[PDB]
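Worksheet: one structure, shown below.
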Amino acid sequence: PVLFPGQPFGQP
Amino acid sequence: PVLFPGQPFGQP
Amino acid sequence: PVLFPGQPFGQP
Amino acid sequence: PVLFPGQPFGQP
Amino acid sequence: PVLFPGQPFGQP
Amino acid sequence: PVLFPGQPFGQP
Amino acid sequence: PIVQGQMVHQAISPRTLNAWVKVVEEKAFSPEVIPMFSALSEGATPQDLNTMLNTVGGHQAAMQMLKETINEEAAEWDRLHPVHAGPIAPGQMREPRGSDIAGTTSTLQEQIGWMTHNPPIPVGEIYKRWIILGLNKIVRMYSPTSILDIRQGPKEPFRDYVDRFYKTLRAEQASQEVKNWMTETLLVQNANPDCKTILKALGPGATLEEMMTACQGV
Amino acid sequence: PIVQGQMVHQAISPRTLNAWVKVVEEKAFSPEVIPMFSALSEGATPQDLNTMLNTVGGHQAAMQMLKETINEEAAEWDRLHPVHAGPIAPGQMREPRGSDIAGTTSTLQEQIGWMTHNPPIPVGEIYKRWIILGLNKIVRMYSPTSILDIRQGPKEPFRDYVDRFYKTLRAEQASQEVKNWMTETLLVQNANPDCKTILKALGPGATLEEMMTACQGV
Amino acid sequence: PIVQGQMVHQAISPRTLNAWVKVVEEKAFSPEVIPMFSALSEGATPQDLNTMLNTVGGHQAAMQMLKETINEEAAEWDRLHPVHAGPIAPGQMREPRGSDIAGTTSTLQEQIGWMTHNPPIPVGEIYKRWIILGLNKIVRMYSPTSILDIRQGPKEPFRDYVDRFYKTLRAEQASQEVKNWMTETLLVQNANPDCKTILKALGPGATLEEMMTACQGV
Amino acid sequence: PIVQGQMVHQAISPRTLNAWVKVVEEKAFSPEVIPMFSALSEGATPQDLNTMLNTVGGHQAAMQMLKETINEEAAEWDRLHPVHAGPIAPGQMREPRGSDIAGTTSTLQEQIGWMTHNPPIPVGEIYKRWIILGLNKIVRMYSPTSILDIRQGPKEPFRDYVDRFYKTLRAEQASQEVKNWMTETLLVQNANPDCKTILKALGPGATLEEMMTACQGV
Amino acid sequence: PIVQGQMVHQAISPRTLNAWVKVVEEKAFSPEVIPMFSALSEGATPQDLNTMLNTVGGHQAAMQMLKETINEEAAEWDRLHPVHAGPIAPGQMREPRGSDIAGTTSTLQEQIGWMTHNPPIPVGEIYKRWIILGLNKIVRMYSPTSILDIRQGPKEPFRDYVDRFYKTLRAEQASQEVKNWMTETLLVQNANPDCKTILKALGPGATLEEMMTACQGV
Amino acid sequence: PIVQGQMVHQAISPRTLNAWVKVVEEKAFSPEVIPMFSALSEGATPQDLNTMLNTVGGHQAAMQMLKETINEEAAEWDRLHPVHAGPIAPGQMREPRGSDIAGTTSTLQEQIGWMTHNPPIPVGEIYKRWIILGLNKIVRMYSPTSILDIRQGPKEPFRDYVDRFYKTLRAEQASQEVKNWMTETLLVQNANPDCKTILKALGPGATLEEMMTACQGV
Ligand SMILES: [Cl-]
Ligand SMILES: [Cl-]
Ligand SMILES: [Cl-]
Ligand SMILES: [Cl-]
Ligand SMILES: [Cl-]
Ligand SMILES: [Cl-]
Ligand SMILES: [Cl-]
Ligand SMILES: [Cl-]
Ligand SMILES: [Cl-]
Ligand SMILES: [Cl-]
Ligand SMILES: [Cl-]
Ligand SMILES: [Cl-]
Ligand SMILES: [Cl-]
Ligand SMILES: [Cl-]
Ligand SMILES: [Cl-]
Ligand SMILES: [Cl-]
Ligand SMILES: [Cl-]
Ligand SMILES: [Cl-]
Ligand SMILES: [Cl-]
Ligand SMILES: [Cl-]
Ligand SMILES: [Cl-]
Ligand SMILES: [Cl-]
Ligand SMILES: [Cl-]
Ligand SMILES: [Cl-]
């Protein structure tokens, strides 16, 4: 996965 | 004439 | 036809 | 005189 | 003095 | 310390 | 749009979009919306025009009519510009089809390629022509009144009556000559008696300024 | 417009259009609208001026009068600039007709060609002259008052009376000398007695500052 | 974004951000939000798109759905673009992974490096494709109505009914052909009797303009 | 205006005009209007200054007074710069008359020619000097109060009284030395007794900060 | 900030400042304030970031906490980057200390010197990292709720409940894996029975779209 | 201001002026006005700073105090920079006096000459230093409260009390060490008993975050 819940867009 | 009633400005 | 109902403008 | 009553500013 | 009362800022 | 209470940010 | 000595490409600004959206929301399909549109899309590419048309919220019937008009124009263009057989040479670029002019089958770089060519293939102004034609049909169709029904009230100032008259005339579905006839006939024909007698006394060779000065007192 | 060392062309901005539209809606045909217009169209091309004139909603009688004035100006220009016979050489460019100056029979690139020439053929400033003349006639025609009717009230401060006076004078239909006479005659002629006696005591060689300082107490 | 002859990089402006935020707050997830977004992010980098998506206050369920859609797209991209073994040569640059396209594992200078390459690796437009797909799914999911339920009222003008119809159709989850069928069937099928008889009398080969002109009187 | 290494000419922006108009409408002829004007017309040409002065709606008495002041300044300039006999050489340019400095008998290109010369003939800053002088006379004439009448109330905080004092002093018609005397005399002379005794106890060599700190408790 | 092929320095614009101030006043310390900040300070120098932080009116406790966080980060940086003995060569430039990164002991030209170097010493993005960390701690500390307390109401639509859930989760103080666990556990764990049974029936391998579509009717 | 590789001069924009004026009218002499000012005058010349100071309507007492402070600074500068005898060589430029730094005896081109020199004579940042010092004295003088009087209410949340504390501390007239002592002493000294006992239990080596987390429940 590249995006995760509760995490900002474009964050490592 | 160059301009005419009911016709837009700068129209051929 | 180039444009279609319910479809955006400029869509393939 | 250069400016005159009732006349715009910078008018000949 | 360089500035004076009632006189604008930066005035000779 | 680099920042101090009551002092602006980026002040020497 | 693309502005000038070499041409440079820039996207549509936030306040051009906001301006267009607010113009549509406030004034809907009034005649003066057509210049504003053309004013907000000078030098624009098909992608910019499709951007302005897609940002319209509501009024989906009118947008559909505009779609159909663009379909007619593009089909006619393809009829007038027949296809040709072969691969495009490295130096050259294909000629735009009706689908490329509307930005459907063409990328932004291809549209920039057509508009930057020497001689220029102005796809944006052609697409703009089709769009403005459709907008003309929408404005003329959504006009509530007719030029034949504009009559001066008994106590209405001549200025107001002329304002109504040319307001309705601007949205009329008529050629230039037909509008000349409407002006030279119905205006004095549908004026109130007190002023109508004066305008008849002036003669058909009078200017609008002399007519409004003549009926100012009454 | 086109701004400067080579000239560069740019379309009219969204907030120039919005500014012009809001000025027309708020102030209609007040004198100060004429500078604002000229301020919003500096260096503009005929296409930009026609854009500003077409974006006017309502006031269609005044727009028609402006059309007729532009017709007179263009006809006179064609009279003064006769046609010539022959095809245009590759290096040269034709001289603009009255229809080209109004942007009717000329493209944007041709107008840029006339304005960028050395010597420049300033079609935009000429068309601007015709338009501003028509706007002068519209402003002077839609003035409700006359310079002869401005009289100072018995308990009106001199400042207010002078404000009304020159307010009406700015919209008057009179040459420079006629306005000089109106100022040197009607102003002191139509003042209230208490102040009129003082202004008569000053003499016709007094400045407006000395007149308003003189009648400040009364 | 990055605008054009060499490309130049600039951050997203304050009023592009403000525009996007106010569009989300006012219109939430209406169809026309998708063009506006694409209008506010033309030529943008993954960092700019993530900036626009992160500035959304509330609507966190929809943002999560968008995250999942982007996950699907990036995973598919990695499937289609397999990894390769070795260190990158000094002159060359690696190919972007699914995490680099979303701006997670890539810096701004690397994204500029991919977009400025010849041939360009348009990571911003790819990421924009994934985002716009997710926005399509969010808009279609948050549509309250169905195309099957739009029926003309007995005393509703035909214009309003068509407006509702295409308003609902624009948000429908259907391919192009399915929307063609919905238009050619349900529109006349769900019209009120007085107008439905006229539209049936026109025939299936009629334009929308002729249909709305036909039912204007009723 | 014209901004900088070569100089480049640009017309006055829409929001500079709007700013100036709104400043005139809101604050009329307050002292701080003079800097704002000078702030909105930095590097401006005579055409830009005349544009700003012509866009003033109302206040026609003050505008007339400004006209007369500019007449005095231009006449004096012509007295100090006598005419010379002969045609202008191809390389050179004539020296500006008083009518050219006001933009009446000079085109925009001639003003740009004078301001771009080396050495520069700053016609815009000269005309700006005349205009600002006239604005000084208008502000000083429309001041309702006098510096002699400002007296501290019995229960008025010292801060407010000083605010009124220098507010009136800024609009006074007095040279620098006269304002120095007014400050060193009337301020402590017209203070209320409780604070006046303290200020007398400080001595004439005290700063305003020490005076306001001294009378803060009372 | 400094934007791009050579880099060029420009101060922070008036509307970037106004935007930041109004964002702080309206939304205080909501999560979406952090992107906006980062959006308003892209390419910015330490002086620009300190400008944005100093323009905050009120909220002085949070600003103090941010100061302390920046102190920790700068101290750690100095630990990791030891001082070196000697004068700086004419061609070279010293390495930035923790006080130079915060803009305290460094001028604007030195920061531009570090950011323009090849390889760049990105002091602005480092300082931005410290600031954004402090803002994370402030946002997480000023969160009123906990992720454990979010429970779906009996008659609350599933969309609203998910909105609350991820709204609280975005401000939580938890690593990526902990948030994955919270999502995969508490969301279905704290749903209302009618929908909770359906979500349990779907299985832990379901998307959020399928969950919200499943509980749309209930 | 003058922005960057050669420096280019531009006047202060209309919205920088409007921003500054509205900041003064709304917030008067709050601490955060000082950064905003410095933010609105980055790279500015003495003429721009005097423009911003002259556009202040009202608050003439504070403006007078600022004048006196600038007088002190300029006098000290002249003491530290003695005059020298002789005419300026053609290649060189004189060193700025205290009157030249304030823009009184220097033109705009001379200030640009000092700021563009290599090495630069930063007259604008020096004048900015004097102005900002005067603004510090005005802000500290117009502070209504004292740091000694800030005490936590019995039912006041700790967050609010700390906000008041540092709000008053930011405007205090104290050096860095004195503010360190005020923070490490009065904050815990003037807290309410319930929280004061906890803060005493933490110890003087605790962060503000741990103190506010500790007293969050109470
Ligand atoms: Cl974020
Ligand atoms: Cl039109
Ligand atoms: Cl769309
Ligand atoms: Cl005028
Ligand atoms: Cl001033
Ligand atoms: Cl500060
Ligand atoms: Cl009717
Ligand atoms: Cl009338
Ligand atoms: Cl009507
Ligand atoms: Cl009257
Ligand atoms: Cl009076
Ligand atoms: Cl009147
Ligand atoms: Cl329904
Ligand atoms: Cl209908
Ligand atoms: Cl509906
Ligand atoms: Cl009084
Ligand atoms: Cl006081
Ligand atoms: Cl007073
Ligand atoms: Cl809860
Ligand atoms: Cl739901
Ligand atoms: Cl909640
Ligand atoms: Cl207190
Ligand atoms: Cl608390
Ligand atoms: Cl307090």
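For the reader, a short list of remarks on this structure follows.
- For the pair K:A75 and J:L133, label points projected 7 Å from Cα toward Cβ lie 6.6 nm apart.
- Both the radius of gyration and Dmax for the stretch I:147-218 are 11.6, 34 Å, in that order, over alpha-carbon atoms.
- Each other copy holds its own label point for L:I88; taking that point as 7 Å from Cα along Cα to Cβ, the gaps run 3.0, 3.0, 5.3, 5.3, 6.1 nm, nearest first.
- Across the identical copies, how the L:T197 labels are spaced - nm, sorted shortest first, 7 Å along Cα→Cβ: 5.2, 5.2, 9.0, 9.0, 10.4
- Remark: I:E72, H:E76, K:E125 ranked as H:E76, I:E72, K:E125, counting other beta-carbon atoms within 10 Å and listing the fewest first.
- Rg over Rh for the stretch G:178-218 works out to 0.94, both radii taken from alpha-carbon positions and Rh defined as the Kirkwood radius.
- Per the rotation superposing chains I and L, the chain I residue found at the smallest beta carbon distance from the axis is I:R15, 7, distance in Å.
- Isotropically averaged projected area of chain H, using the convex hull of Cα atoms (one quarter of hull area), nm²: 16.2 nm²
- Packing-based order for G:158-166, K:37-45, J:176-184, using average beta carbon neighbours within 10 Å, highest first: K:37-45, G:158-166, J:176-184
- Across the stretch L:50-96, the fraction of Cα-Cα pairs farther apart than 16 Å, rounded to a whole number, is 59%.
- Rg ratio for the protein assembly as shown: its Cα radius of gyration over 2.2 N^0.38 Å, N being its residue count, equals 1.04.
- Across G:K27/I:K128; H:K22/H:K155; I:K27/L:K167; L:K167/L:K200; H:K167/J:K137; J:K179/L:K27, pairs whose alpha-carbon gap is larger than 27 Å: G:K27/I:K128; H:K22/H:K155; I:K27/L:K167; J:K179/L:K27
- Other residues lying with their Cβ under 15 Å from the Cβ of K:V33 contribute a combined charge of +3, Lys and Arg counting +1, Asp and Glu -1.
- Residue-averaged beta-carbon neighbours from other chains (10 angstrom radius) around H:163-171: 5
- A point 7 Å from Cα along Cα→Cβ stands in for L:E210, and the other copies hold the same point at 4.8, 4.8, 8.4, 8.4, 9.7 nm, listed in rising order.
- Using θ = phi - 60° and Karplus 6.51 cos²θ - 1.76 cosθ + 1.60, couplings along the stretch L:213-218 (whole Hz; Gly, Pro as x): 5, 5, 9, 6, x, 5
- Seen from every direction in turn and averaged, the convex hull around the alpha carbons of the stretch G:10-57 projects onto 3.1 nm².
- Rule-of-thumb Rg ratio for the stretch K:106-167 [Cα; 2.2 N^0.38 Å; N residues]: 2.00
- Normalised alpha carbon radius of gyration of the stretch J:1-126 [divisor 2.2 N^0.38 Å]: 1.15
Where a number appears in this text, it was derived from the coordinates with a stated rule and is not lab data. Methodologically, a virtual Cβ is constructed for each residue, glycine included, from the backbone with ideal geometry; neighbour enumeration extends over all protein chains shown.
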